[PDB]
Each structure stands twice: as C-alpha cells, then as structure tokens.
2 protein chains.
Amino acid sequence: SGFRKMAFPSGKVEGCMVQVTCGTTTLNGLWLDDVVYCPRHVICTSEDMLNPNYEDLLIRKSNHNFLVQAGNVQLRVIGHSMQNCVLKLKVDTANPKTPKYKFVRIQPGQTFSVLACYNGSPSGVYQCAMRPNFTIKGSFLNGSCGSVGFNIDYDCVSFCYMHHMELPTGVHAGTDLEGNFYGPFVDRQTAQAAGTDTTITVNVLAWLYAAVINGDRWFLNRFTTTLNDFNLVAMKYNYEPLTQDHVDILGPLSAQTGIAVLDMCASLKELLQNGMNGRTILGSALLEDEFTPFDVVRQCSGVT
Amino acid sequence: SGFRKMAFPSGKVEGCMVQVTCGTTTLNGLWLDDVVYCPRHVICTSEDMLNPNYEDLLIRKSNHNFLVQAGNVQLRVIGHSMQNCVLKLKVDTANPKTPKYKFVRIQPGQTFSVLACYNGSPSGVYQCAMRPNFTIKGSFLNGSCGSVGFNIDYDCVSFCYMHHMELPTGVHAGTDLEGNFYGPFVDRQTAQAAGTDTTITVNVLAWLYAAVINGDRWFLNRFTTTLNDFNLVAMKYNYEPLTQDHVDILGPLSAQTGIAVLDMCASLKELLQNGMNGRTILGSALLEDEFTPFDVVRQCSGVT
Ligand SMILES: *CC(=O)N1CCN(Cc2cccc3ccccc23)CC1
Ligand SMILES: *CC(=O)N1CCN(Cc2cccc3ccccc23)CC1
C-alpha cells in the first residue's frame with residue numbers, strides 16, 4: 001500500500017549519458033550505439049541565441065570541435081549531422097552499455113522519468129508528464145539540457161524527451177529524440193509563452209482510483225453523472241474533455257474498485273465544485289494529474 | 001529553475017539487488033561484496049508471523065535452504081547469520097558491481113531514495129523521509145521487502161533503510177543495514193500503532209527557501225518572529241520544535257535569498273494560522289516537509 005510519484009530505475013540511462021562541449025558550451029548527450037544525440041544549441045554562443053542560423057553556425061564546425069567525454073574517457077567523433085533541433089555525433093566506439101531502446105514521440109498527458117544530468121553526470125531522477133500545452137514541469141539548471149525523459153518496458157528504454165529550453169515562466173520545453181519540439185517552441189531566445197495548462201482529467205480519475213485502492217475514500221459520494229454533464233464542469237475548471245476512450249482506459253481500475261467511471265466522475269465534479277475542505281487524498285491537498293491509468297495499474301500491481 | 005521531489009540515480013543500487021527465497025517466501029536482498037542482506041522474516045510462514053522465535057526458526061534452516069538469484073544466475077550460499085532483524089547470507093562470489101558503500105543509521109527528518117523491488121528486480125524509485133515517528137510513507141506491495149533506502153555522496157552509496165513492515169495504517173517500518181528497526185517496531189504480526197506524525201519544520205523552511213529561489217514568493221510577509229514565539233505556533237500545529245541548529249543549517253539558504261530565517265519563520269506562522277487560501281507553492285497545496293536544507297542546496301546548485 002501507499003502511493004508515490006515513482007520514476008523508472010535510471011540505471012540503463014545513466015550508462016548512456018556523456019558530456020558534449022562545443023567551444024565554451026558544455027551540455028549532456030545521449031550515447032546509443034555509435035551515435036551521441038545532443039541539443040544543437042551546443043554550437044551557440046548566448047549571442048547566437050537571439051537569432052541563430054543553425055545551418056550557417058554548423059558550417060564553421062568540424063568533427064574535432066565536438067568534444068565528447070564518457071566518464072573520463074574521450075570519444076573520437078567521425079561524423080556530425082543536424083536532425084531537426086538535435087545533433088547526432090558519430091563516434092568510432094558503440095556504447096557497450098547501450099540498452100535495447102526506441103525513440104517514441106509521446107502524447108500530452110503521458111508520463112515519463114527524467115534523469116537530470118550536468119556534464120554527462122546524473123544528479124537525480126523524477127517523474128514528469130507532457131502537459132496538454134506541450135510543456136513539462138521539470139527541475140533543470142544551466143548545463144542540464146541533453147538530459148532525457150524515458151519509459152522502460154521490462155528491458156527496452158523508450159526515449160521520449162530531450163531537454164532544451166526554460167520558458168521565462170520557469171516551465172520546460174524540449175524535443176523527442178528525432179529533434180522535433182513538443183509544442184510550438186523553437187530553440188531561440190525570443191518571446192515564447194506557454195498556452196493554457198489544462199488538467200489531465202483521465203489522470204486525476206486514475207489517481208482517484210489509486211486513492212480508493214489505498215484506503216482514502218472520503219471523497220466518494222452517492223451521486224453519478226454523464227460524460228456530457230461531467231465535461232460541462234471540466235470546461236469551467238480547465239480540465240481536458242473526458243472521452244469514451246478515457247472511460248475505456250479506466251475500465252480495469254473501474255473493474256478492480258467496482259466503482260463505475262461515471263460515479264468517480266461525479267466524485268471529481270464535487271471535488272472541483274466544493275474543493276477539499278482542508279482534507280487530503282494520498283497526502284496531496286490538490287488533484288494530481290501526473291499518474292496515468294497505466295502508471296496506477298503498474299504501481300498497484302508491482303510491475304518490474 | 002523548477003523544483004521536483006528528486007531521487008538519486010538508482011543505477012549503483014540496481015546492480016546490488018537479488019532475489020532471496022526461503023521455502024515459499026521470496027523477497028529482495030542486497031548483494032554487497034560476498035554478503036546478501038535480507039529481512040529475517042524470509043524464514044517465516046505467515047503462521048510463524050503471529051509470534052516468531054527467529055532463533056528457533058533459523059536452527060531448522062541450512063545454507064542450501066536460502067535460494068539467492070542475481071538476475072538469472074544462482075549464487076552459492078556458504079554461510080548464514082542473523083544480525084538483529086536482518087540475515088547476512090555469505091555467498092562464494094563477491095558482487096562485481098559492488099559500489100563504494102557505507103551503512104548509516106539516519107536521523108528522523110533526513111531524506112533518502114528508495115529503489116522499490118520485486119523478486120530482486122527494480123520497479124521504480126522515489127524520495128522518502130524518515131518521519132519523526134520513525135515511519136516512512138512508502139509505496140510497498142507484497143514481495144517489496146528487502147528494498148533499500150540510500151543516499152549517494154558522488155560515488156559512495158550510504159544504505160540507511162531496508163523495508164520490512166506495513167502498519168495497519170498503510171505506513172512503512174524497516175531497519176538500518178545492521179538490522180535495527182527505526183522506531184519501536186518489531187518484525188511480528190501484532191498491534192503496532194505509529195505515534196504522532198509531526199511535520200519536519202526545518203524541511204518546510206528549506207522548501208519555503210526553495211520556493212523563493214524558484215520565484216514563488218506570495219507567502220513572504222512584512223513580519224518577523226522569535227524562536228520561542230514561532231515554536232508556540234509550531235506546537236499548536238504538530239510541527240517539530242525549531243532550534244538554533246536548524247537556524248544554523250538554514251544559514252546558506254538564508255544567505256542566498258537574503259531572507260533571515262526568523263522572517264521566513266514568520267511567513268510559515270502566517271501560512272499555519274491562515275492556510276494557503278486556495279493558492280499553491282511549488283505546485284503544492286500543503287507545506288512540503290520531505291526536502292532537507294541539504295536537498296534544496298543540492299537541487300538549486302546541480303550537485304552530481
Ligand atoms: C539547456 C540548458 O541547460 N540551458 C538552457 C538553454 N541554453 C541555451 C538556449 C536554448 C534555447 C533557447 C534559449 C533562450 C535564451 C537563452 C538560452 C537559450 C543553454 C543552457
Ligand atoms: C515485507 C513484505 O514485502 N511483506 C510484508 C511483511 N510480510 C511479513 C511480515 C513481516 C513483519 C510483520 C508482519 C505482520 C503481519 C504479516 C506479515 C508480516 C512479508 C511480505
């Protein structure tokens with residue numbers, strides 16, 4: 001019992017983290033097989049950041065200008081290319097610690113583990129969600145970019161995130177491992193506002209299921225509601241619209257607690273309309289939306 | 001910027017996790033050098049758990065009755081001893097992945113990373129604190145015991161916790177790596193209530209410092225207070241008494257924010273007396289007490 005914001009074990013990803021230096025800029029790279037992936041803004045001076053022409057900047061750069069360090073051993077760079085907003089540095093050595101991996105582009109509402117790194121050294125690990133506005137609420141200092149987000153399915157690491165940006169509102173933007181930004185964000189020092197940060201309704205409901213399973217049931221009520229009726233209250237409170245897909249995805253949690261999804265929707269409505277009245281649910285004073293139904297099943301069943 | 005409940009990278013500890021089976025009971029063990037540490041209740045049938053005589057139970061057991069599996073390879077057990085509430089199984093092979101390590105007994109209020117395991121396989125990692133009542137608020141299912149808590153100082157892993165118990169109130173009790181329980185808890189199926197779960201005042205203040213550093217400053221006020229005056233309000237709200245040691249430990253955070261510790265105490269008093277009024281601090285609706293001053297410094301400075 002007990003329910004905690006849990007990251008995947010970071011071991012497999014620690015073995016992939018290197019330091020990448022281009023001139024006076026050091027950040028993190030991901031070393032898989034004989035390629036090192038890093039943010040392309042590694043080639044920039046902070047002056048370049050106001051309006052960088054990455055193609056023109058990159059012409060001035062040679063293989064030997066990319067200093068790649070794995071632990072305290074230097075890797076030899078034999079090739080370099082730009083793919084969207086990432087550089088791929090070809091090294092002459094395959095990472096012997098390369099795990100089975102995939103690059104996946106995640107959907108908003110989906111959760112991943114971040115291994116925060118500085119100078120290719122891991123400092124810690126936390127669980128994130130891709131926000132509906134394609135931002136993440138990270139912990140990222142200068143030197144932290146090239147830090148990655150991942151899921152692990154048993155022995156396969158699916159890389160979903162590379163860290164690139166902090167927005168002047170202190171939230172975080174980045175790319176998938178093919179270098180395409182989540183959201184409308186660009187690797188340039190320009191006015192960029194995050195959109196409305198809406199709540200991942202299906203994740204709140206999952207976390208209400210997790211609460212019930214873990215004995216916190218005070219918020220359960222005598223009421224039910226409808227998708228249309230529930231969604232009127234969601235709208236008012238900047239919650240994502242709930243769909244039959246979401247309801248289907250909650251089915252297993254429904255089945256195990258024997259609480260219909262729409263009854264839990266009615267509980268959630270009362271929580272939105274009435275607040276918590278100073279009470280807590282799994283030790284939280286607000287509604288947690290960064291556990292997926294899949295996350296809840298995993299943590300409440302002990303999947304390794 | 002941004003501030004997250006961060007665990008240490010779990011890599012070094014993943015390489016130490018094995019499965020331990022005694023008859024029909026499988027839990028996790030920690031493999032360091034040529035010793036495997038596990039909870040001694042591995043030798044129990046759930047019938048034994050009502051009033052186990054561990055010495056008498058252990059006489060019936062031989063080296064060959066302790067099945068130790070590291071990944072999918074069996075370790076040969078050449079010795080077995082009980083130290084307090086842990087077994088030490090001597091194996092003929094030193095763990096080649098043994099990191100530099102220490103066993104430390106932590107103080108209440110101190111924080112550690114947990115690597116939750118099932119059948120010697122890591123499922124995830126989360127950050128805990130030792131509560132003033134010597135419980136932790138974990139996520140632990142059946143098979144999770146022998147899962148460990150740790151800190152990492154650069155390359156040295158200090159093991160502080162091994163998981164043993166869930167209390168009927170769904171909080172968690174366990175031992176240091178010398179097998180001594182934190183708190184008055186015993187590895188027996190008996191009436192055992194956790195004491196008052198008081199708030200780690202120095203950790204709340206640290207987390208208020210972390211908030212200020214990360215731009216969340218609404219709760220800052222025009223007031224100050226005194227240790228004695230602040231502690232009257234702490235008492236009323238089941239907060240730990242604040243001492244000059246605590247104030248000294250906050251000094252660096254004081255220095256960096258230029259907010260005197262006693263001014264922040266006055267902010268905390270107003271938060272206790274007045275509540276949050278529906279506002280949030282670092283995305284939390286209650287006062288977080290599971291970051292230490294040391295944790296805040298680390299995360300707001302990027303220590304690897
Ligand atoms: C990524 C990291 O660790 N830091 C933040 C980004 N910075 C370079 C950079 C990249 C994109 C946009 C942007 C805007 C303003 C300033 C800097 C920027 C490197 C360090
Ligand atoms: C540790 C774990 O994964 N589980 C919980 C503990 N249980 C055996 C055990 C140990 C101490 C007390 C106690 C009390 C009641 C029932 C079982 C108990 C093994 C599984």
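All residue numbers here begin at 1 and follow the chain in the order shown.
Yeah, the Cβs are placed from backbone N, Cα and C, and that goes for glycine too.
Residues or ranges marked as active site, for 3CL-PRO activity by Swiss-Prot on the basis of sequence analysis: B:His41. All protein chains considered, the CB of B:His41 (active site, for 3CL-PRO activity) has 24 other CB atoms within 10 Å.
Taken from Swiss-Prot, the feature active site, nucleophile covers B:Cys145. In sequence order, B:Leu27, B:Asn28, B:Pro39, B:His41, B:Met162, B:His163, B:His164, B:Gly174 make up the list of same-chain residues 6 or more apart from B:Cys145 (active site, nucleophile) whose Cβ falls under 8 Å from its Cβ. According to DSSP, B:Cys145 (active site, nucleophile) sits within a strand segment.
Residues or ranges marked as ubiquitin cross-link in Swiss-Prot (evidence: experimental evidence): B:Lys5 (among others). A 10 Å cutoff on Cβ-Cβ distances gives B:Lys5 (ubiquitin cross-link) a total of 22 other Cβ atoms nearby, all chains included.
The feature ubiquitin cross-link is assigned by Swiss-Prot to B:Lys90 (among others). In sequence order, B:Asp34, B:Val35, B:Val77, B:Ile78, B:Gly79, B:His80, B:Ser81 are the residues of the chain that are 6 or more apart from B:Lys90 (ubiquitin cross-link) and have a CB within less than 8 Å of its CB.
Each of the recorded positions B:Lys5, B:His41, B:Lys90, B:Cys145 was checked for a CB under 8 angstroms from a CB of chain A; the ones meeting this are B:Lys5.
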